[PDB]
């Protein structure tokens, strides 16, 4: 077998289920005997077949259907390989879900992939569109030379007992087969020739997080576009993990983004890039003793130009599912204060409070203690800052070891090793900025209003809303949801963010995940669209600036799942078809988070008054990709030009098979012309 390229073919159209024989190529005899090597190919799939082999080499004869090697893709964007010679001899597999796409802006696009079988390092590596997707190490390295009775080299399928299995349909732009193992750098470069959309946050940036989730995108009145997202360090798991909130901005209409910052973060556990295991056991493991921030909301007060960032604040080892019932506050002298437990007191004895100027009081004696906290909630004993050892986390087999290091960090009331510990329920935190993120104010815990009967009261991620007209013009609103007397709720402010008031929008006690977003009607009334625990998105209306809301009404015509997914709905500044318009984003499948679509709803005045004054006609729907392609949480924003920006999760964030994937948060832009099917 010679060194270098054994075979190359260009522009090969393959009819679905037909395949294409490469048996008469000059180098087929070498390819059928490869001991190692590299395969790189450019393709465009036009088929909806479940599994589609791009390239294969194997034994096509009777009873030898498990003797072959193939690189394949799935209609849901997965990519992988199978190296087989019957299960008793060997069956090596490697794959990564949501690695390729099928359609972009209405047309089928090319993806570039590569497999590297490195004999010297006894390792296999998969690449696609400029990214290293997965790695497989084997002590008993095997390749094509190890398959018994190889008799074919095929494009677009795998020959099994004389039939074309895993049928591809489309075009193989180019394929190059090398007997040598090219470097990872060469493959990143080669496959990086085809990319779609862009990343704002990514594995390797200064956040030091390998994973991101829960997008927020907002264009400011100044033209600057800002964004935020969960920087999920310990895999893509929800809280009871180590998560910080990342932030970035664009001053050129969303073309390039700044170096990300971490406006909301904890230091009890180190922030580091770590590859979370994706095996059936390790994938379920999550960080146990870390405090975190989760689910961001961005909002601008157009009058003052001030911006706000809200997020849920989870004490050490807490998440919504295990938060304790209670407000986390205690009323003394008619004023609500954050309550604390001295580490040497009884397990449930919260006998202290943080009062004026952060001074901690002994509630029993009503006398100040020798401790206090600053605007960051870090402890001080007699003006000396307290510290504790930062933790690190590493896997030893399937076990996650969380151990103290030698690094000292400031002791915070939300940390597990703090001398004074906060009540283990969730909180609502916020910071404001008057310089578009160059600096943020002190930590403001606004959840003193948390109902004492509630398990959790959290935010509906995305953006908030400021009323632009009517009697309540100027009012700031942020959507909330809880497990208490009400499910859907809101917090509003009439003094530009200085103080907030909580509102219960219903009397549902089930605690379903009612994540919602708010839109304003022409007269200042409001309509809120929300995820529900039923098979539909609900709509509620308010005629009094969000103080009271109508009963939930199903949003007719827009399909969803029973468990549901967060949605994004925004106001658009110009009329569409001459009418006021709102734009909605959400996966459209009835099972699985996939088939994302952007809808345009036109506001019509029915001629009635009150809650029934307006009716929204969802006139247009725009499919982002093919039906099986993953699409989860998202956030829309009207960019300074006429475009609509979209920051979304391009994978199924609910699936137990798609956890811990890197670089799935993508940013794309669409014109109203495109969105209205008008090309």
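Positions refer to the first chain, counted from 1.
For the C-alpha atoms alone, is the average B factor greater in 132-140 or in 205-213, going by the entry? Mean B over CA atoms: larger for 132-140.
Which has higher Cα B-factors on average according to the PDB entry: 231-239 or 390-398? Looking at the record's C-alpha B-factors, the answer is 390-398.
From 663, 25, 668, 658, which pick has the Cα B-factor that tops the rest in the entry? Reading the PDB entry, the winner on C-alpha B-factor is 25.
Per the PDB entry, maximal CA B factor within 427, 350, 127, 90: Of the options given, 350 has the highest CA B-factor in the PDB entry.
Per the entry's values, where does residue 641 land by CA temperature factor relative to the rest of its chain, in the lowest, middle or highest third? Highest third.
Relative to the other modelled residues of the same chain, rank the CA B-factor of residue 625 and answer lowest, middle or highest third. Middle third, going by the recorded CA B-factors of the chain.
Would you check the entry's CA temperature factor for residue 110 and let me know if it's in the chain's lowest, middle or highest third? It falls in the middle third of the chain.
Lowest, middle or highest third - CA B-factor, residue 515: Within its chain, residue 515 is a lowest-third residue by C-alpha B-factor, going by the deposited values.
Going by what the PDB entry lists, where does residue 355 fall on CA B-factor within its chain: lowest, middle or highest third? CA B-factor rank for residue 355: highest third.
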